[PDB]
Amino acid sequence: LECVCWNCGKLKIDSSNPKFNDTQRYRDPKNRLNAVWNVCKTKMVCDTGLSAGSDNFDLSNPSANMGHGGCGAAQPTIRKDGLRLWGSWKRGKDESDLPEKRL
């Protein structure tokens, strides 16, 4: 659940991130899952393939602009409570907004 998007169900990360391929190197399925989850447990938003922060529009190599097609939905923080799972959404940078906690 942490590794997968909450709404579209797609992986939060794609081959775009070099760390993703570094994790993909692993042959054991368990180790691959551990690595991918370790990388993806920080991504709180389903990336839409548009890296915000790079203003250089390189037209020489269009091959590096095809995102997996994410929906941008905010991701929750998942915690274990006995036999239950709790998901806490956090919105924006403002600290006055209480996170939305749902079972």
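Residues numbered from 1 in each chain as written, not as in the entry; some residues may be left out. Part of a larger assembly, values for the part shown. Heavy atoms only, no water.

**Student:** Please give an account of the sheet that holds strand 3 (residues 100–102) that cites residues and values.
**Tutor:** The strand order across the open sheet formed by three strands is 1-2-3, and the pairing between neighbours is antiparallel. Only two strands of the sheet have a single partner each, and these edge strands are strand 1 (77–81) and strand 3. Averaged over all pairs of adjacent strands, the angle between strand axes in this sheet comes to 25°, irrespective of strand direction. Examined bridge by bridge, strand 2 (residues 84–89) and strand 3 share three bridges and lie antiparallel to one another. Bridge pairing in strand 3 places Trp89 opposite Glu100. (Pairing = 2+ DSSP bridges. Helix = DSSP H or I, 4+ residues; strand = E, 2+ residues; numbered from the N terminus. Axes fitted to C-alpha atoms, helices over the stretch in contact; angles between N-to-C directions.)

**Student:** Please give an account of the pattern of salt bridges that cites residues and values.
**Tutor:** If you walk through the whole model with that rule in mind, you get three salt bridges. Measuring nitrogen to oxygen at the nearest pair gives 3.3 Å for the salt bridge that ties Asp47 to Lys43. Given the relative accessible area of 25%, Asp47 is considered partly exposed. The salt bridge partner of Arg91 is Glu100, with a shortest N-O separation of 3.9 Å. (Salt bridge = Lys/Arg side-chain N within 4 Å of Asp/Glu carboxyl O. Buried < 20%, exposed > 50% of the residue type's maximum accessible area, 1.4 Å probe, protein only.)

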